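Data block below; observations after.
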Amino acid sequence: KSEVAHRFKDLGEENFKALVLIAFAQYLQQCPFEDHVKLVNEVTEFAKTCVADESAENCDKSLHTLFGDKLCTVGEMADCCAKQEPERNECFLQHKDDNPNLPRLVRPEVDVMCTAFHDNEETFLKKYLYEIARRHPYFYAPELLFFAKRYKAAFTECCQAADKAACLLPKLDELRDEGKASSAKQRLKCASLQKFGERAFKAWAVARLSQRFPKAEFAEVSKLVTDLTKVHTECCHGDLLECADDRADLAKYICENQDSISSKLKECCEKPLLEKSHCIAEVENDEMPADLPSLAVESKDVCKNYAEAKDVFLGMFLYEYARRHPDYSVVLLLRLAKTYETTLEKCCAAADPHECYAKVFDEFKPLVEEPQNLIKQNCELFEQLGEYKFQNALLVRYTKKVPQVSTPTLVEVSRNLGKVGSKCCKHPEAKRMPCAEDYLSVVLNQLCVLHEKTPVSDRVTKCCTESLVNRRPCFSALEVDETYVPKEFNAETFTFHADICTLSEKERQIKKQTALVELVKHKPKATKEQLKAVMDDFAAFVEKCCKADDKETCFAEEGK
Ligand SMILES: O=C1CCc2ccc(OCCCCN3CCN(c4cccc(Cl)c4Cl)CC3)cc2N1
Ligand SMILES: [K+]
């Protein structure tokens, strides 16, 4: 009956403290690491008292009460502790900064990190949880413990290898890419739940789980959708203790009932508890039952059953169409289910419904042939340019559409909107649509949450406040901003020094793409010839005066 005690017994002490540390770093993305650890230790020791006696003092309080009490104890000046608890926790949820403007983590040397991992392993492992949750306020918390376990394993093995750098560095880069991809993929779930509602998320789950569990019964999928929606709703609301506990309660439920869900869950249900829940979320699509019936033109009871249970009918409709088309993207199947729902709203309210919806599956062909041709026409362009050059064509085009968007948002989003060809144009003609359009939904959400932080354009808000399924077609038709009169000029941004040649090639290309965006802001009417000219100009400039011994002398130059 005492909450924190029950959550401490289900998760154990090790996962309990780590989840509390994540919840504090995401709510307070500015407090020092040492301050949060003390509060986490003060919370953990009190939770041990309620485990010893659940009827003790303050044990009958809610987690939001206990969290917000010690969080309201630490440049951060909004008075989020607004009287009661409902106004308090939601204040911490709103002020979660998707772009907290924090200095990026500087990766020390391998032996420096290994010696820190050897001295105090706990403090070392807590900072990795701290900084990531600090910079990713909506990071999947139970998934972050999975990365922390793998972040611990890499240092455990590589710090005793003959070549620690050749061992540790390939593993720190992949976990760096896995976490950012996981955070962005999780940021899409919270935006769908918060900005569009639970019904929008459960439709995504029904579609994605039907492709992944096509042999599972419809009632089986609906139970998995109910639990998964409850899990992420708790995670997105900052209630990370119930999220991971229900995620563990769901991981065991899927494993205790594999015969009714999927056959690919054998290896997933053998891994430890953390890897178990991660493996299920990344398991492959099971095979669909052969010779499956199409639909049945169909029932005279369609409108009779569409009225007796609309969501069950549409949910089963989305279940039946998603389980048969694993090659369709999730956003497409939501368009097909939405189109089928709107047609039944007219036909059943019309005179003759049977003939009214007699060609509803023929008007799906234009909706299906749109992502096909898009991917078929963009992998052609991406192949004939490569990733970097294709990003530059996206940088100039996107900056011309909305020049008011900050250069970091433009550079970051255009760099990620260019990585679509690297990830998905390598899959066959059947795995392109779910790969490309669902990754695009993740990046377009990053742009929407970045623009939500600092809005400057009404057109971007219109596409972000529109249907989540039609975000990509909306942004593509934003046209060129012909009214960008404030095309300011500058020269300090174009002034470069010798510190640039100490960075990596990746970090140097970002700065060139940064000036490419600012150059377009300096003259939005610049042609691609003059744009590519200055792109090769500054590239050859920094190339000639770093292979030469000029230091901070040749960079003190100009051209424009
Ligand atoms: O940061 C900002 C701020 C301003 C802004 C305004 C408009 C805007 O348009 C976005 C719509 C692009 C859709 N493309 C379709 C083509 N595409 C692709 C690339 C390679 C392979 C494959 Cl297969 C594909 Cl589909 C990626 C997605 C973006 C921005 N961005
Ligand atoms: K990156």
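In the structure tokens, chains take letters A, B, ... by order of appearance, with residues numbered from 1 within each chain and ligands from 1 in the order shown.
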Excluding residue A:59 and any residue of its chain fewer than 5 positions from it, enumerate the residues within 7 Å of it, using only C-alpha atoms, and give them as a list in words. residues 2, 50 and 54 of chain A
Could you please take those selected residues and save N, CA, C and O atoms as an mmCIF file, in the first residue's frame?
data_model
loop_
_atom_site.group_PDB
_atom_site.id
_atom_site.type_symbol
_atom_site.label_atom_id
_atom_site.label_comp_id
_atom_site.auth_asym_id
_atom_site.auth_seq_id
_atom_site.Cartn_x
_atom_site.Cartn_y
_atom_site.Cartn_z
ATOM 1 N N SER A 2 2.126 1.100 0.421
ATOM 2 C CA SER A 2 3.120 2.162 0.327
ATOM 3 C C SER A 2 3.867 1.998 -0.991
ATOM 4 O O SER A 2 4.437 0.935 -1.258
ATOM 5 N N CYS A 50 10.658 1.921 4.435
ATOM 6 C CA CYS A 50 9.307 1.486 4.101
ATOM 7 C C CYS A 50 9.267 0.013 3.720
ATOM 8 O O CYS A 50 8.247 -0.652 3.932
ATOM 9 N N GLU A 54 6.024 -0.864 5.881
ATOM 10 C CA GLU A 54 5.273 -0.083 4.903
ATOM 11 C C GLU A 54 4.301 0.893 5.550
ATOM 12 O O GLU A 54 3.864 1.842 4.890
#
Might you pull out every residue within 8 Å of residue A:437, with only C-alpha atoms counted and same-chain residues fewer than 2 positions away left off, and present them as a list in words? residues 329, 330, 331, 371, 433, 434, 435, 439, 440 and 441 of chain A
Output the neighbourhood of ligand 2 as a PyMOL selection string, that is, all protein and nucleic acid residues with some atom at most 12 Å from the ligand, counting only C-alpha atoms and all ligand atoms. chain A and resi 104+173-181+184+411-419+506-507+509-510
Show me which residues line ligand 1, defined as having an atom within 6 Å of a ligand atom where only C-alpha atoms and all ligand atoms count, and present them as a PyMOL selection string. chain A and resi 374-375+378-379+382+398-399+401-402+405+409-410+413-414+417-418+420-421+425+436+447+472+475-476
Save the residues we just selected, C-alpha atoms, as a CSV table (one decimal), in the first residue's frame?
chain,number,residue,atom,x,y,z
A,374,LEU,CA,9.1,8.8,-53.3
A,375,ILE,CA,11.6,6.3,-52.0
A,378,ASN,CA,15.0,9.7,-53.7
A,379,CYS,CA,17.3,6.6,-53.5
A,382,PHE,CA,20.9,9.9,-53.0
A,398,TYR,CA,15.5,23.7,-46.2
A,399,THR,CA,17.2,27.0,-45.3
A,401,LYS,CA,12.1,27.3,-47.1
A,402,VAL,CA,12.5,28.5,-43.5
A,405,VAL,CA,15.0,28.4,-38.1
A,409,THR,CA,18.4,23.1,-35.9
A,410,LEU,CA,18.8,23.4,-39.7
A,413,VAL,CA,17.9,18.1,-38.9
A,414,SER,CA,19.2,18.3,-42.4
A,417,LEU,CA,17.2,14.0,-42.9
A,418,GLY,CA,20.1,13.1,-45.2
A,420,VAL,CA,17.8,8.3,-44.7
A,421,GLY,CA,19.6,7.0,-47.8
A,425,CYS,CA,18.3,2.6,-49.5
A,436,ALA,CA,12.4,5.2,-44.6
A,447,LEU,CA,12.5,19.3,-35.9
A,472,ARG,CA,6.5,14.6,-44.3
A,475,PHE,CA,7.0,19.9,-44.9
A,476,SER,CA,7.9,19.1,-48.5
If you count only C-alpha atoms, which residues fall within 12 Å of residue A:14, apart from same-chain ones fewer than 4 positions away, as a ChimeraX atom specification? /A:7-10,18-21,40-41,44,122,125-126,145,148-149
I need the residues from that last selection saved to file as a PDB file, in the first residue's frame (with N, CA, C and O atoms), if you can.
ATOM      1  N   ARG A   7       7.800  -0.533  -5.295  1.00  0.00           N
ATOM      2  CA  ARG A   7       8.675  -0.361  -6.449  1.00  0.00           C
ATOM      3  C   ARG A   7      10.110  -0.755  -6.127  1.00  0.00           C
ATOM      4  O   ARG A   7      10.868  -1.127  -7.031  1.00  0.00           O
ATOM      5  N   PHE A   8      10.500  -0.685  -4.853  1.00  0.00           N
ATOM      6  CA  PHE A   8      11.847  -1.080  -4.460  1.00  0.00           C
ATOM      7  C   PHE A   8      12.006  -2.594  -4.411  1.00  0.00           C
ATOM      8  O   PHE A   8      13.112  -3.103  -4.621  1.00  0.00           O
ATOM      9  N   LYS A   9      10.921  -3.324  -4.144  1.00  0.00           N
ATOM     10  CA  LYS A   9      10.998  -4.778  -4.072  1.00  0.00           C
ATOM     11  C   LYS A   9      10.921  -5.427  -5.448  1.00  0.00           C
ATOM     12  O   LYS A   9      11.542  -6.473  -5.670  1.00  0.00           O
ATOM     13  N   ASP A  10      10.169  -4.832  -6.376  1.00  0.00           N
ATOM     14  CA  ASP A  10      10.050  -5.412  -7.710  1.00  0.00           C
ATOM     15  C   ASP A  10      11.323  -5.206  -8.521  1.00  0.00           C
ATOM     16  O   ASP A  10      11.773  -6.118  -9.224  1.00  0.00           O
ATOM     17  N   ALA A  18      19.195   3.672 -10.002  1.00  0.00           N
ATOM     18  CA  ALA A  18      19.536   4.158 -11.333  1.00  0.00           C
ATOM     19  C   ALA A  18      18.342   4.833 -11.999  1.00  0.00           C
ATOM     20  O   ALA A  18      18.500   5.853 -12.679  1.00  0.00           O
ATOM     21  N   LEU A  19      17.140   4.283 -11.810  1.00  0.00           N
ATOM     22  CA  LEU A  19      15.949   4.901 -12.379  1.00  0.00           C
ATOM     23  C   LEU A  19      15.611   6.216 -11.688  1.00  0.00           C
ATOM     24  O   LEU A  19      15.103   7.140 -12.334  1.00  0.00           O
ATOM     25  N   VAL A  20      15.878   6.319 -10.386  1.00  0.00           N
ATOM     26  CA  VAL A  20      15.645   7.575  -9.681  1.00  0.00           C
ATOM     27  C   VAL A  20      16.658   8.625 -10.121  1.00  0.00           C
ATOM     28  O   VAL A  20      16.329   9.811 -10.247  1.00  0.00           O
ATOM     29  N   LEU A  21      17.902   8.208 -10.368  1.00  0.00           N
ATOM     30  CA  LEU A  21      18.912   9.139 -10.859  1.00  0.00           C
ATOM     31  C   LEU A  21      18.543   9.676 -12.235  1.00  0.00           C
ATOM     32  O   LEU A  21      18.783  10.851 -12.539  1.00  0.00           O
ATOM     33  N   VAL A  40      19.478  11.155  -4.471  1.00  0.00           N
ATOM     34  CA  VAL A  40      19.140   9.771  -4.791  1.00  0.00           C
ATOM     35  C   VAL A  40      19.479   8.858  -3.619  1.00  0.00           C
ATOM     36  O   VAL A  40      18.710   7.950  -3.277  1.00  0.00           O
ATOM     37  N   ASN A  41      20.626   9.089  -2.979  1.00  0.00           N
ATOM     38  CA  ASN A  41      20.993   8.286  -1.817  1.00  0.00           C
ATOM     39  C   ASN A  41      20.052   8.546  -0.648  1.00  0.00           C
ATOM     40  O   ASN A  41      19.705   7.620   0.094  1.00  0.00           O
ATOM     41  N   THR A  44      16.934   6.612  -1.530  1.00  0.00           N
ATOM     42  CA  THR A  44      17.095   5.163  -1.448  1.00  0.00           C
ATOM     43  C   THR A  44      17.083   4.681  -0.002  1.00  0.00           C
ATOM     44  O   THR A  44      16.439   3.675   0.318  1.00  0.00           O
ATOM     45  N   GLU A 122      31.006   2.893  -9.555  1.00  0.00           N
ATOM     46  CA  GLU A 122      29.641   3.373  -9.367  1.00  0.00           C
ATOM     47  C   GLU A 122      29.501   4.822  -9.818  1.00  0.00           C
ATOM     48  O   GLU A 122      28.592   5.159 -10.585  1.00  0.00           O
ATOM     49  N   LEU A 125      29.687   4.914 -13.601  1.00  0.00           N
ATOM     50  CA  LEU A 125      28.472   4.450 -14.261  1.00  0.00           C
ATOM     51  C   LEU A 125      27.291   5.381 -14.029  1.00  0.00           C
ATOM     52  O   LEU A 125      26.366   5.402 -14.847  1.00  0.00           O
ATOM     53  N   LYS A 126      27.297   6.148 -12.937  1.00  0.00           N
ATOM     54  CA  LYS A 126      26.201   7.072 -12.678  1.00  0.00           C
ATOM     55  C   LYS A 126      26.304   8.334 -13.524  1.00  0.00           C
ATOM     56  O   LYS A 126      25.277   8.942 -13.844  1.00  0.00           O
ATOM     57  N   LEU A 145      19.049   1.997 -18.806  1.00  0.00           N
ATOM     58  CA  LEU A 145      19.747   1.027 -17.970  1.00  0.00           C
ATOM     59  C   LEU A 145      20.364  -0.078 -18.812  1.00  0.00           C
ATOM     60  O   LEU A 145      21.429  -0.604 -18.470  1.00  0.00           O
ATOM     61  N   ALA A 148      23.477   1.382 -20.110  1.00  0.00           N
ATOM     62  CA  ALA A 148      24.445   1.496 -19.024  1.00  0.00           C
ATOM     63  C   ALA A 148      25.102   0.154 -18.730  1.00  0.00           C
ATOM     64  O   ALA A 148      26.302   0.092 -18.436  1.00  0.00           O
ATOM     65  N   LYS A 149      24.329  -0.932 -18.798  1.00  0.00           N
ATOM     66  CA  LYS A 149      24.908  -2.260 -18.628  1.00  0.00           C
ATOM     67  C   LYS A 149      25.904  -2.568 -19.739  1.00  0.00           C
ATOM     68  O   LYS A 149      26.978  -3.126 -19.484  1.00  0.00           O
TER      69      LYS A 149
END
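Atom CA of residue A:159 is positioned 28.6 Å from atom CA of residue A:38.
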Secondary structure check, alpha helix (DSSP H) residues of stretch 247-313 of chain A, as a ChimeraX atom specification: /A:247-255,273-281,302-308,310-313
Write to file, as a compact mmCIF listing (two decimals), in the first residue's frame, the residues of the selection just made, with N, CA and C atoms.
# COMPACT_ATOMS: atom_id res chain seq x y z
N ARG A 247 7.28 -2.70 -17.68
CA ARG A 247 8.06 -3.23 -18.80
C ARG A 247 8.62 -4.61 -18.46
N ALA A 248 9.04 -4.81 -17.21
CA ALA A 248 9.44 -6.14 -16.77
C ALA A 248 8.24 -7.06 -16.64
N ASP A 249 7.11 -6.53 -16.18
CA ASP A 249 5.89 -7.33 -16.12
C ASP A 249 5.37 -7.67 -17.51
N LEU A 250 5.67 -6.83 -18.50
CA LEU A 250 5.27 -7.13 -19.87
C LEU A 250 6.27 -8.06 -20.55
N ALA A 251 7.56 -7.91 -20.23
CA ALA A 251 8.57 -8.78 -20.81
C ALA A 251 8.35 -10.23 -20.40
N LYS A 252 7.96 -10.46 -19.14
CA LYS A 252 7.67 -11.82 -18.70
C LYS A 252 6.35 -12.31 -19.26
N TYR A 253 5.38 -11.42 -19.47
CA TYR A 253 4.09 -11.83 -20.01
C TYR A 253 4.22 -12.27 -21.47
N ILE A 254 5.03 -11.56 -22.25
CA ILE A 254 5.26 -11.95 -23.64
C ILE A 254 6.06 -13.25 -23.69
N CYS A 255 6.94 -13.48 -22.72
CA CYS A 255 7.75 -14.69 -22.71
C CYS A 255 6.98 -15.90 -22.19
N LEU A 273 17.11 -9.80 -17.73
CA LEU A 273 15.88 -9.01 -17.68
C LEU A 273 15.98 -7.74 -18.50
N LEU A 274 17.13 -7.07 -18.47
CA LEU A 274 17.29 -5.84 -19.24
C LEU A 274 17.35 -6.14 -20.73
N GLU A 275 18.24 -7.05 -21.14
CA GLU A 275 18.34 -7.42 -22.54
C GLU A 275 17.07 -8.11 -23.04
N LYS A 276 16.29 -8.71 -22.13
CA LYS A 276 15.05 -9.37 -22.53
C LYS A 276 14.05 -8.36 -23.09
N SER A 277 13.78 -7.29 -22.33
CA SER A 277 12.84 -6.28 -22.79
C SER A 277 13.36 -5.53 -24.01
N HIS A 278 14.68 -5.36 -24.11
CA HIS A 278 15.26 -4.70 -25.28
C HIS A 278 15.16 -5.57 -26.52
N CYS A 279 15.38 -6.88 -26.36
CA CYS A 279 15.34 -7.79 -27.51
C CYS A 279 13.93 -7.88 -28.09
N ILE A 280 12.91 -7.86 -27.23
CA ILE A 280 11.54 -7.93 -27.71
C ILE A 280 11.18 -6.68 -28.50
N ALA A 281 11.61 -5.51 -28.01
CA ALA A 281 11.33 -4.26 -28.72
C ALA A 281 12.09 -4.16 -30.04
N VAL A 302 -21.26 -4.63 -42.12
CA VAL A 302 -20.15 -3.70 -41.91
C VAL A 302 -20.62 -2.52 -41.07
N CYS A 303 -21.65 -1.81 -41.54
CA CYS A 303 -22.18 -0.69 -40.78
C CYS A 303 -22.84 -1.14 -39.49
N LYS A 304 -23.36 -2.37 -39.45
CA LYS A 304 -23.91 -2.89 -38.20
C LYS A 304 -22.81 -3.17 -37.19
N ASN A 305 -21.66 -3.66 -37.66
CA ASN A 305 -20.53 -3.91 -36.78
C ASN A 305 -19.67 -2.68 -36.57
N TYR A 306 -19.62 -1.77 -37.55
CA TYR A 306 -18.93 -0.50 -37.37
C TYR A 306 -19.62 0.38 -36.33
N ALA A 307 -20.91 0.14 -36.08
CA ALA A 307 -21.65 0.88 -35.06
C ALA A 307 -21.60 0.19 -33.70
N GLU A 308 -21.61 -1.14 -33.68
CA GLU A 308 -21.57 -1.87 -32.42
C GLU A 308 -20.22 -1.73 -31.73
N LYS A 310 -16.82 0.49 -33.02
CA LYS A 310 -16.07 1.18 -34.07
C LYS A 310 -14.57 0.96 -33.90
N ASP A 311 -14.05 1.18 -32.69
CA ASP A 311 -12.61 1.05 -32.47
C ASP A 311 -12.16 -0.40 -32.63
N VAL A 312 -12.94 -1.35 -32.13
CA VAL A 312 -12.60 -2.76 -32.31
C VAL A 312 -12.61 -3.12 -33.78
N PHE A 313 -13.59 -2.61 -34.53
CA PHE A 313 -13.64 -2.86 -35.97
C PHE A 313 -12.45 -2.22 -36.67
Find the residues near residue A:6: any atom within 12 Å, counting only C-alpha atoms, skip ones fewer than 4 places away on the same chain, and give them as a PyMOL selection string. chain A and resi 1-2+10-13+16+47-54+59-60+62-63+241-242+245
Please save N, CA and C atoms of the selected residues as a compact mmCIF listing (two decimals), in the first residue's frame.
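Dumped to selection16.txt:
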# COMPACT_ATOMS: atom_id res chain seq x y z
N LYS A 1 0.83 -1.20 0.00
CA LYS A 1 0.00 0.00 0.00
C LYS A 1 0.87 1.25 0.00
N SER A 2 2.13 1.10 0.42
CA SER A 2 3.12 2.16 0.33
C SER A 2 3.87 2.00 -0.99
N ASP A 10 10.17 -4.83 -6.38
CA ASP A 10 10.05 -5.41 -7.71
C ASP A 10 11.32 -5.21 -8.52
N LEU A 11 11.92 -4.02 -8.44
CA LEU A 11 13.06 -3.67 -9.27
C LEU A 11 14.40 -4.02 -8.65
N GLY A 12 14.46 -4.19 -7.34
CA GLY A 12 15.73 -4.36 -6.66
C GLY A 12 16.46 -3.04 -6.47
N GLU A 13 17.42 -3.06 -5.55
CA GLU A 13 18.10 -1.82 -5.18
C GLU A 13 18.93 -1.26 -6.32
N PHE A 16 16.62 0.34 -8.92
CA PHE A 16 15.84 1.39 -8.28
C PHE A 16 16.59 2.72 -8.28
N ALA A 47 13.63 4.65 1.32
CA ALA A 47 12.85 3.55 0.75
C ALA A 47 13.12 2.24 1.48
N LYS A 48 14.32 2.08 2.04
CA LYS A 48 14.62 0.89 2.81
C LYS A 48 13.81 0.84 4.10
N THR A 49 13.45 2.00 4.65
CA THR A 49 12.64 2.03 5.86
C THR A 49 11.22 1.54 5.59
N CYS A 50 10.66 1.92 4.43
CA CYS A 50 9.31 1.49 4.10
C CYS A 50 9.27 0.01 3.72
N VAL A 51 10.35 -0.52 3.15
CA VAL A 51 10.42 -1.95 2.91
C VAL A 51 10.44 -2.71 4.24
N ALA A 52 11.10 -2.14 5.25
CA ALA A 52 11.09 -2.78 6.57
C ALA A 52 9.76 -2.56 7.28
N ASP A 53 9.04 -1.50 6.94
CA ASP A 53 7.74 -1.22 7.57
C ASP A 53 6.98 -0.29 6.62
N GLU A 54 6.02 -0.86 5.88
CA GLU A 54 5.27 -0.08 4.90
C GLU A 54 4.30 0.89 5.55
N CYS A 59 5.49 6.84 4.21
CA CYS A 59 5.51 5.76 3.23
C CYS A 59 4.24 5.74 2.38
N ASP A 60 3.12 6.21 2.93
CA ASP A 60 1.85 6.25 2.21
C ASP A 60 1.74 7.44 1.26
N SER A 62 2.73 9.54 -2.40
CA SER A 62 2.93 9.20 -3.80
C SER A 62 4.36 9.50 -4.23
N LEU A 63 4.78 8.86 -5.33
CA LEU A 63 6.12 9.09 -5.85
C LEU A 63 6.29 10.54 -6.31
N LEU A 241 9.58 4.61 -12.49
CA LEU A 241 9.59 3.40 -11.69
C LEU A 241 8.51 2.43 -12.15
N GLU A 242 7.28 2.92 -12.33
CA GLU A 242 6.21 2.07 -12.83
C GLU A 242 6.45 1.65 -14.27
N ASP A 245 8.97 -1.29 -14.23
CA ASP A 245 8.36 -2.43 -13.57
C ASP A 245 7.30 -3.08 -14.45
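Using only C-alpha atoms, the protein and nucleic acid residues lying no more than 9 Å from stretch 539-556 of chain A, apart from those fewer than 4 places from it along its own chain, are residues 495, 496, 497, 498, 499, 500, 501, 512, 534 and 535 of chain A.
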When you look at residue A:340 with a cut-off of 10 Å (counting only C-alpha atoms), what residues show up, excluding the ones that are within fewer than 3 positions of it in the same chain? I need them as a PyMOL selection string. chain A and resi 314+317-318+334-337+343-345+357+360-361+363-364
Let me see the file: selected residues, N, CA, C and O atoms, as a PDB file, in the first residue's frame.
ATOM      1  N   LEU A 314     -12.219  -0.927 -36.426  1.00  0.00           N
ATOM      2  CA  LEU A 314     -11.075  -0.252 -37.030  1.00  0.00           C
ATOM      3  C   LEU A 314      -9.760  -0.824 -36.516  1.00  0.00           C
ATOM      4  O   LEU A 314      -8.803  -0.979 -37.284  1.00  0.00           O
ATOM      5  N   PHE A 317      -9.469  -3.990 -38.244  1.00  0.00           N
ATOM      6  CA  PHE A 317      -9.153  -3.644 -39.625  1.00  0.00           C
ATOM      7  C   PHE A 317      -7.684  -3.265 -39.763  1.00  0.00           C
ATOM      8  O   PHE A 317      -6.983  -3.752 -40.659  1.00  0.00           O
ATOM      9  N   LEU A 318      -7.202  -2.386 -38.881  1.00  0.00           N
ATOM     10  CA  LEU A 318      -5.780  -2.062 -38.868  1.00  0.00           C
ATOM     11  C   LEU A 318      -4.941  -3.282 -38.519  1.00  0.00           C
ATOM     12  O   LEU A 318      -3.822  -3.431 -39.022  1.00  0.00           O
ATOM     13  N   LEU A 334      -1.609   3.744 -41.108  1.00  0.00           N
ATOM     14  CA  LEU A 334      -2.487   4.668 -40.400  1.00  0.00           C
ATOM     15  C   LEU A 334      -3.275   5.539 -41.370  1.00  0.00           C
ATOM     16  O   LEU A 334      -4.425   5.893 -41.087  1.00  0.00           O
ATOM     17  N   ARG A 335      -2.678   5.894 -42.513  1.00  0.00           N
ATOM     18  CA  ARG A 335      -3.434   6.596 -43.545  1.00  0.00           C
ATOM     19  C   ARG A 335      -4.528   5.706 -44.119  1.00  0.00           C
ATOM     20  O   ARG A 335      -5.643   6.171 -44.381  1.00  0.00           O
ATOM     21  N   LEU A 336      -4.225   4.421 -44.323  1.00  0.00           N
ATOM     22  CA  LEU A 336      -5.216   3.505 -44.875  1.00  0.00           C
ATOM     23  C   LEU A 336      -6.353   3.261 -43.891  1.00  0.00           C
ATOM     24  O   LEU A 336      -7.517   3.154 -44.293  1.00  0.00           O
ATOM     25  N   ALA A 337      -6.037   3.170 -42.598  1.00  0.00           N
ATOM     26  CA  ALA A 337      -7.080   2.976 -41.598  1.00  0.00           C
ATOM     27  C   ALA A 337      -7.900   4.246 -41.404  1.00  0.00           C
ATOM     28  O   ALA A 337      -9.116   4.179 -41.184  1.00  0.00           O
ATOM     29  N   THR A 343     -14.430   6.974 -44.754  1.00  0.00           N
ATOM     30  CA  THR A 343     -15.363   6.495 -45.768  1.00  0.00           C
ATOM     31  C   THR A 343     -16.579   5.835 -45.130  1.00  0.00           C
ATOM     32  O   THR A 343     -17.707   6.008 -45.605  1.00  0.00           O
ATOM     33  N   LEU A 344     -16.371   5.076 -44.051  1.00  0.00           N
ATOM     34  CA  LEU A 344     -17.490   4.451 -43.357  1.00  0.00           C
ATOM     35  C   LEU A 344     -18.348   5.465 -42.612  1.00  0.00           C
ATOM     36  O   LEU A 344     -19.519   5.182 -42.338  1.00  0.00           O
ATOM     37  N   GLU A 345     -17.797   6.634 -42.279  1.00  0.00           N
ATOM     38  CA  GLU A 345     -18.605   7.670 -41.645  1.00  0.00           C
ATOM     39  C   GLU A 345     -19.641   8.227 -42.613  1.00  0.00           C
ATOM     40  O   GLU A 345     -20.757   8.568 -42.207  1.00  0.00           O
ATOM     41  N   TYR A 357     -19.140   2.236 -50.302  1.00  0.00           N
ATOM     42  CA  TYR A 357     -17.763   1.837 -50.042  1.00  0.00           C
ATOM     43  C   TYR A 357     -17.332   0.657 -50.907  1.00  0.00           C
ATOM     44  O   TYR A 357     -16.459  -0.122 -50.507  1.00  0.00           O
ATOM     45  N   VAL A 360     -13.339   1.054 -51.847  1.00  0.00           N
ATOM     46  CA  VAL A 360     -12.499   1.716 -50.853  1.00  0.00           C
ATOM     47  C   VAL A 360     -11.056   1.230 -50.943  1.00  0.00           C
ATOM     48  O   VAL A 360     -10.126   1.960 -50.580  1.00  0.00           O
ATOM     49  N   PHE A 361     -10.835   0.012 -51.432  1.00  0.00           N
ATOM     50  CA  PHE A 361      -9.487  -0.518 -51.562  1.00  0.00           C
ATOM     51  C   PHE A 361      -8.821  -0.133 -52.875  1.00  0.00           C
ATOM     52  O   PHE A 361      -7.634  -0.424 -53.060  1.00  0.00           O
ATOM     53  N   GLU A 363      -8.977   3.235 -53.951  1.00  0.00           N
ATOM     54  CA  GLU A 363      -8.425   4.538 -53.607  1.00  0.00           C
ATOM     55  C   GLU A 363      -7.269   4.443 -52.620  1.00  0.00           C
ATOM     56  O   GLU A 363      -6.663   5.470 -52.298  1.00  0.00           O
ATOM     57  N   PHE A 364      -6.955   3.242 -52.128  1.00  0.00           N
ATOM     58  CA  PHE A 364      -5.736   3.052 -51.353  1.00  0.00           C
ATOM     59  C   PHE A 364      -4.506   3.010 -52.250  1.00  0.00           C
ATOM     60  O   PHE A 364      -3.407   3.356 -51.804  1.00  0.00           O
TER      61      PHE A 364
END
Mind pulling up the distance from atom CA of residue A:142 to atom CA of residue A:117? 22.1 Å
